[PDB]
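Same protein, same chain, two forms; see structure 1 and structure 2 below, as structure tokens.
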Structure 1
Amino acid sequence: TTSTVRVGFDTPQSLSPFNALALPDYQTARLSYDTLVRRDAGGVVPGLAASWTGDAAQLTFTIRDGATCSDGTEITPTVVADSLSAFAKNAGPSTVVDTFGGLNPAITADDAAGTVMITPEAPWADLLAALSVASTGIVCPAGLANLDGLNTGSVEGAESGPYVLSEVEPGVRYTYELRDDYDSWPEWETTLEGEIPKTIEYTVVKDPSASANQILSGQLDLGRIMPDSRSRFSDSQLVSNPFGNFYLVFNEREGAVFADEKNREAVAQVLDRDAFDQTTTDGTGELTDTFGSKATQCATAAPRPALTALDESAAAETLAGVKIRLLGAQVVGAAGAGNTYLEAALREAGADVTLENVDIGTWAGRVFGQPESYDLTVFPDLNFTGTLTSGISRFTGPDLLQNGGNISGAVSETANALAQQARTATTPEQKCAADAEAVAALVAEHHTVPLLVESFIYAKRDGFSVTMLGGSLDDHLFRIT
């Protein structure tokens, strides 16, 4: 009969919702701050917002009663509108356009009406879903006063969420303590067996072998496992959820090697999606030819992209002596094994390849902070909105360098146009038609290769559960049995 759960996870690159880029950022943001809506089967359930009304042009949220910060401040529309305003101006340009379709939403409170009104500068369907993501969590006025404070840990009175980070050992352990004065839980349709933990010790594991060993020796209760480690556990200690959707991102900027489309195609010709799946997921994942799974909106709509066939001969002629800075996330298979496979397939095509296999936190700083610092990566996307928009955004609009969402610096006139008619779309069908065509275009012009959807495998000790509701990625519901 304990009240403490010890969860394995990767090192955060920030504890501030505004600077969140990597899963560990969202995992911590999830405990400390409440979002307006939360994920569940068939869509989104009321969280800090009791209900909402609106289109893709504009949503109005009505804030719930009895909602309160870790200092006591009543959570009013002014607090919420201030938090979402602070987010829109302080967060990464990437995550802001992903949320509001742009950098300049209209956000306004009305403490009388009890409403918060958001008005995308152009219509944005992804807004409602985007506000279920941990990084949109409400920062109370204590947090807005000190943004440098939120990066590194708890600023007193900032938390809108059920926990406060009471103890910190940077890059080692983040100890979260449940607060006595919180009953503002979301309106979950789903019913969860077991007790909300009083104390959550978010424990940094350096690698998957370590993760497994510490479940098994009882240093951890819950932790992520690499597919090879499955056989070490009974089926009943495992909880398997579809997670990241993996696709290539090239540095396409004028002067870089993958500016030239003929180089991008050569990479496509050298990557066996079967071999890549075997090395990355060992068949626990699923191939996908788009920016999601079959559960992703529009992901089965026409057309299906025409992937480049393997041509290792044609790739050898093209990539001979070509210098490729391959950036790797260590989540892309055990210890970044998928990145290793990709390097190896480029090496045997005669490319001069240098792979940097880094932790998810370091990877995320590099991709979103210094986009010119690499040529190619396997991008493990977290499709938070459950649409194809997540992935299309990464290749269209203004560059990241110009405060856009365009990670790769790719200029696809077709894909850019199809992104815009997705916004002007009268019906869901036209929207899907636009989105599916945008992905097909991007695949045809060798702007990406869609790879797979991975499985997030939690291994857990007796007495401990963990649930992911409505295809959620950053809302791991820990329970003590």
Structure 2
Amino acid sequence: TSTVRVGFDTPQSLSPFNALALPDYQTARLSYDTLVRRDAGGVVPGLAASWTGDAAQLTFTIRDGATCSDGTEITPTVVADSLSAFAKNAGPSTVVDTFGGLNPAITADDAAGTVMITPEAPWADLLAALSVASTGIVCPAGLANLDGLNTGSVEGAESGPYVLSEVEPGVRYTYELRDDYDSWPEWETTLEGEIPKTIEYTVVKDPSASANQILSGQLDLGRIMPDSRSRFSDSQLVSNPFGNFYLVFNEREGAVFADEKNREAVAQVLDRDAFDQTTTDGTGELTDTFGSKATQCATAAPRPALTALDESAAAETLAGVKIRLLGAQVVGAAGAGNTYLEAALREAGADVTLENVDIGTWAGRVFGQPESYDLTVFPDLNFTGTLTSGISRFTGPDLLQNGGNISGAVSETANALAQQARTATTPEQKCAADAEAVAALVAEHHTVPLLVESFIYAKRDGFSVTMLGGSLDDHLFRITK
């Protein structure tokens, strides 16, 4: 067989420029090729054969013989026009994650075969950010029809290996391997099995339905929740690090958690092992940073000094403190992590009120109404695979002053280390600044790092799936039998 039927959630958009939910990135990865790709320890050549430069400026050499799905040659101009359209059309938050600002210089030299990218100020994450599926190259036909990219294939737009050949919106997305495609990334990791000629990305309603359909043979692979694990043989389960969870506090003047003592006290009631048990049934991994061991700089010194449990001192501090606790229902089954934290704070004598809401409602409150709550567990899907997005929640100007600092925290130390990281002249200078920034934020009780949730694929015999290097949006399906 040359077909894999994969369970996934309904895409919100098939346009890389409008990709917000995981399925949007999953589909973008099939249709459009990024300049570089994640592997263990860093990125590998994708549509770029090589690159020179640093945080201040990158120059990519485009690999020869790459073509759009209509046979159009992928030139530096094609690549530069796609990245310019990305900077222009994508959400401001993802454009800032990619270029450190909204107005990068992006210049093609067709003769030299090069694309030169100069961030407004140095931006060390640019190279890693250009592996994210939403930065995949859209060919001229797609750039001419931005609206049509949202709902299907625009003939000739694809730079990637697959074309969406058939679509039943919200039900099934049928991808067919291009006969003319031969621009595969130069992966360091060797993958067994054959590249599927057809991927049937198949919408599932709920995790329960995903597990049932893999077991009945209606799907070859799909995501399952930890509570369905026991229905499968170990051979059928493939676990990879996915979202990472950490606390965020409202530290604005006049709010309860403006006071460092109240923040330390929350750290004193939040038992990280119990939290992991309630949230993941121990399928997750505790973390002391904003990612897993596979996240860039996550193993670099120093290691944060986490506040030990002290339920006693918490009880003294928190008796009668009013806490607007905000929860996302993705933090454990039915938001079980949020109700664990509510109870832990209630036990210490806080006057706590929990709003446990869906991810959409949660994001509107955290990014749109930052003063409307006091404490949340942030369920981060960090596609970039660096510590930068975690550090950003607590550094620079407040969201209130058009910044990305959602906590309104003021840490002179972490602010300085954030400025050091983005200009870092070497990756190892970058990891030193990022690890010290996390260490300060933990020490000043601006956050508590909690865990990395596992993405558990259940799979039928003769199929495999790999996620390399901590990637979230580069699921490598292979047929072995």
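Residue indices: 1-based, along structure 1. Residues that one form lacks are left out of the comparison. Rigid core here is just the name for the largest C-alpha set that superposes within 1.5 Å across the two forms.
Here, the chain labelled structure 2 is taken from the form deposited without ligand 36M.
Rigid-part rearrangement between structure 1 and structure 2 places its hinge, out of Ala88, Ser70, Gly244, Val116, at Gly244.
Comparing forms between structure 1 and structure 2, one finds the smaller rigid domain rotated against the larger by 26 degrees. If you overlay the core, the Cα of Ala436 moves by 5.7 Å between structure 1 and structure 2. If you overlay the core, the Cα of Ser234 moves by 0.5 Å between structure 1 and structure 2.
Relative to the superposed core, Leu287 has its Cα moved 3.7 Å between structure 1 and structure 2. In sequence order, 246-280, 286-380, 384-388, 391-452 are the runs of at least 3 residues present in both forms whose Cα atoms shift by 2 Å or more between structure 1 and structure 2 once the core is superposed.
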